[PDB]
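Residue numbers start at 1 and run along the sequence shown. Worth knowing before you read on, the calculation uses all heavy atoms, side chains too, and leaves out hydrogens, waters and symmetry mates.
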Amino acid sequence: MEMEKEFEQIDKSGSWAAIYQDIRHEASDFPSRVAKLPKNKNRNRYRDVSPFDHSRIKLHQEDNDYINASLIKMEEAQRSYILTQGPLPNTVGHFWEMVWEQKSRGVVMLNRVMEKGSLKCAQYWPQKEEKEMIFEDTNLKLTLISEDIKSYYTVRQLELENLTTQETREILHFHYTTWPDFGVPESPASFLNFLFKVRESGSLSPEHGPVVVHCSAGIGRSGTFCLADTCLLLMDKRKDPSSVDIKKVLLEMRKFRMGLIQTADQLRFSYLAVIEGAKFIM
Ligand SMILES: CC(=O)c1ccccc1Oc1ccccc1
């Protein structure tokens with residue numbers, strides 16, 4: 001079925017939970033043996049969220065190459081994404097090592113450091129220009145260059161230096177600051193405006209490594225971001241845009257990381273975002 005009328009048909013029939021459970025039942029199951037090794041317990045935020053072995057990002061390190069991060073490679077759309085958990089106190093150095101080694105231009109953050117009164121990720125970037133951060137375990141230096149605070153999101157320019165080689169690179173940090181503590185946004189308008197700002201920066205384009213996107217676990221809000229982006233790109237590429245099937249795209253992405261889209265409300269919100277976004281593109 002088309003999307004917008006499939007949407008009204010699920011609303012009127014109140015069957016979002018059944019649709020979402022079907023997706024959960026059909027989703028791929030692949031091994032995640034490296035994530036579950038005892039030496040990696042303090043590298044995982046949640047015991048039930050792990051990268052598959054076949055798609056996990058490897059650190060270029062011979063001691064321990066593990067990080068909780070996955071490469072989502074979308075062949076027809078010609079887009080790739082790295083989805084990862086919010087960094088932990090003992091993985092902030094690994095996080096920036098990955099950004100460096102994968103040649104990423106942008107980092108997309110969809111959570112606040114504190115939500116619901118608890119810490120959802122480490123404070124992993126500097127908050128003042130004159131107070132830079134040094135990660136001694138991976139030999140990197142990180143400096144805040146500029147910060148632009150808007151009503152729904154903040155954009156930061158960062159300088160990452162590899163202290164071994166003295167090479168430097170500019171990284172863009174796109175921070176969506178207004179996702180509610182509970183539920184999903186009422187309108188997708190600010191989320192779509194944010195997606196378009198990430199696109200306009202070059203951070204999603206083939207001349208760079210894959211964008212790094214995270215929330216707390218790296219599957220819920222993060223899944224919503226890449227699902228919406230890929231579906232909108234396919235609608236532009238194909239002769240028949242109504243042939244884009246959001247459920248089929250989501251199952252394809254779930255071949256590369258488990259659990260993408262965590263609730264039926266997030267599934268409905270993803271439909272809404274793609275529907276409204278397809279009208280603005282034209
Ligand atoms: C772009 C800009 O205005 C600027 C000026 C002085 C110093 C740094 C600047 O930004 C950079 C430069 C290099 C990498 C990342 C950001």
Side-chain angles (χ1 to χ4, degrees), residues 28-73 80-111 113 118-126 132-143 158-169 171 173 203 208-223 226 253-260:
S28 304
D29 192 23
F30 292 113
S32 311
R33 286 167 209 130
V34 179
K36 302 309 279 172
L37 297 173
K39 66 175 174 162
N40 290 325
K41 197 157 180 179
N42 77 340
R43 290 181 185 216
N44 295 311
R45 185 176 285 285
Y46 303 105
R47 56 152 177 71
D48 57 333
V49 180
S50 301
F52 299 140
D53 296 321
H54 77 89
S55 56
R56 75 185 180 95
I57 300 294
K58 297 178 187 185
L59 305 172
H60 300 176
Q61 220 262 101
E62 44 189 21
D63 168 53
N64 189 344
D65 71 9
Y66 178 76
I67 181 168
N68 193 318
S70 308
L71 179 65
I72 300 9
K73 189 171 185 194
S80 296
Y81 318 83
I82 292 168
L83 270 62
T84 191
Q85 70 185 11
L88 292 156
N90 62 298
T91 71
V92 174
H94 307 149
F95 179 88
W96 288 113
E97 176 184 1
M98 178 175 65
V99 170
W100 182 269
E101 288 167 355
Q102 302 299 315
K103 302 180 156 57
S104 307
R105 180 85 189 293
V107 172
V108 172
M109 172 171 183
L110 303 171
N111 66 289
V113 165
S118 299
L119 293 173
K120 298 296 169 194
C121 89
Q123 181 62 53
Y124 67 85
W125 73 94
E132 77 273 14
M133 290 177 82
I134 295 173
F135 304 102
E136 297 185 341
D137 59 338
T138 55
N139 216 33
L140 291 159
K141 177 176 106 173
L142 183 66
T143 307
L158 306 172
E159 181 203 62
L160 188 61
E161 183 179 346
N162 178 348
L163 294 172
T164 299
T165 68
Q166 293 193 327
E167 309 169 284
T168 67
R169 280 176 213 161
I171 309 298
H173 193 242
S203 288
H208 300 295
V211 68
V212 172
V213 352
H214 78 89
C215 47
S216 191
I219 61 175
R221 297 172 199 177
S222 291
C226 60
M253 292 184 162
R254 276 193 179 216
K255 299 176 178 175
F256 300 91
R257 188 171 174 83
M258 61 171 67
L260 303 182

Where do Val108 and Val212 land on the side chain to side chain contact (heavy atoms under 4.5 Å, CB included) test, with the steps shown first?
CA-CA 6 Å; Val108 172; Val212 172; over 6 Å; no

So does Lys120 get a backbone contact from the side chain of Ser216, meaning a donor-acceptor N/O pair under 3.5 Å?
yes

Whether the side chain of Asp65 engages the backbone of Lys58 through a donor-acceptor N/O pair (distance < 3.5 Å, no angle test) should be reported.
no

What distance do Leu163 atom CG and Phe135 atom CZ have between them, rounded to the nearest 0.5 Å?
10.5 Å

Does some side-chain heavy atom of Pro126 sit less than 4.5 Å from a side-chain heavy atom of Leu142?
yes

Heavy atoms of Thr84 and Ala69 approach each other most closely as OG1-CB, 3.5 Å

Give the intermediate values and the outcome of side chain to side chain contact (heavy atoms under 4.5 Å, CB included) for residues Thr91 and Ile67.
CA-CA 8 Å; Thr91 71; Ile67 181 168; 5.8 Å; no

Do the non-hydrogen side-chain atoms of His214 and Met109 ever get within less than 4.5 Å of each other?
yes

Using 0.5 Å steps for rounding, measure from the CG atom of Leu59 to the CZ atom of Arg43.
7.0 Å

Measuring from atom CE of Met98 to atom NE2 of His60, what distance do you get when rounded to the nearest 0.5 angstrom?
11.0 Å

Partner set under side chain to side chain donor-acceptor pair (under 3.5 Å) for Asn42, not counting sequence neighbours
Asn90

Taking the side chain as C-beta and beyond, is there a heavy-atom pair between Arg45 and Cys121 under 4.5 Å?
yes

If only atom types and distance count, is the side chain of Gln61 paired as donor or acceptor with the main-chain N or O of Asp63 below 3.5 Å?
yes

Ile72 backbone acceptor or donor facing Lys255 side chain under 3.5 Å:
no

What are the two closest non-hydrogen atoms of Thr138 and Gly93, and how far apart are they?
OG1-O, 3.2 Å

Side chain proximity check, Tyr66 to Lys39, heavy atoms < 4.5 angstrom:
no

Taken in chain and number order and not counting sequence neighbours, the residues that satisfy side chain to side chain contact (heavy atoms under 4.5 Å, CB included) with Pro89 are none

Taking every heavy atom of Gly218 against every heavy atom of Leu260, the minimum-distance pair comes out as O-CD2, 4.3 Å

Using 0.5 Å steps for rounding, measure from the OG1 atom of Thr143 to the CG atom of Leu158.
8.5 Å

Tell me, do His173 and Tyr124 make a side-chain contact under 4.5 Å, heavy atoms counted?
yes

Quick check for you: to the nearest 0.5 Å, what is the distance between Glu132 atom CD and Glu159 atom CD?
10.0 Å

Scanning both residues in full, the closest heavy-atom pair of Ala122 with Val113 reads O-CG2, 4.3 Å

Within a radius of less than 6.0 Å around CD of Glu167, do more than 12 heavy atoms belonging to other residues, nucleotides or ligands occur?
yes

Before you tell me yes or no, could you show the steps for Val107 and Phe95 under side chain to side chain contact (heavy atoms under 4.5 Å, CB included), namely the whole-Å CA-CA distance, both residues' side-chain angles and the distance that decides it to 0.1 Å?
CA-CA 11 Å; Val107 172; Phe95 179 88; 3.9 Å; yes

Got a second to check how far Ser70's OG is from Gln85's CD, nearest 0.5 Å?
10.0 Å

Does the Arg105 side chain pair with the main chain of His208, one donor and one acceptor, at a distance under 3.5 Å?
no

Within the side chain of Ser32, is there an N or O that forms a donor-acceptor pair under 3.5 Å with the backbone of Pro51?
yes

Listed partners of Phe30 passing ring-ring contact (aromatic ring centres under 6.0 Å, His included), at least two apart
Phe52, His54

Between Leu71 and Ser80, is there a side-chain heavy-atom distance shorter than 4.5 Å?
yes

Do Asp137 side-chain atoms and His94 backbone N/O form a donor-acceptor pair below 3.5 Å?
no

Could you check if a side-chain atom of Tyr81 sits within less than 4.5 angstrom of a side-chain atom of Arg257, using non-hydrogen atoms only?
no

Check for a donor-acceptor pair, side chain of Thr168 on one end and backbone N or O of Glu161 on the other, with a separation under 3.5 Å.
no

Nearest heavy-atom pair of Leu83 and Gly223: which atoms, and what distance?
CD2-N, 4.2 Å

Please report the closest heavy-atom contact between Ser50 and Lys36, naming both atoms and the distance.
OG-CD, 3.9 Å

Check whether any side-chain heavy atom of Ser28 lies under 4.5 Å from a side-chain heavy atom of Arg254, and answer yes or no.
no

Does the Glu101 side chain pair with the main chain of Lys103, one donor and one acceptor, at a distance under 3.5 Å?
no

Expected output: side-chain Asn68 to main-chain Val49 donor-acceptor under 3.5 Å
yes

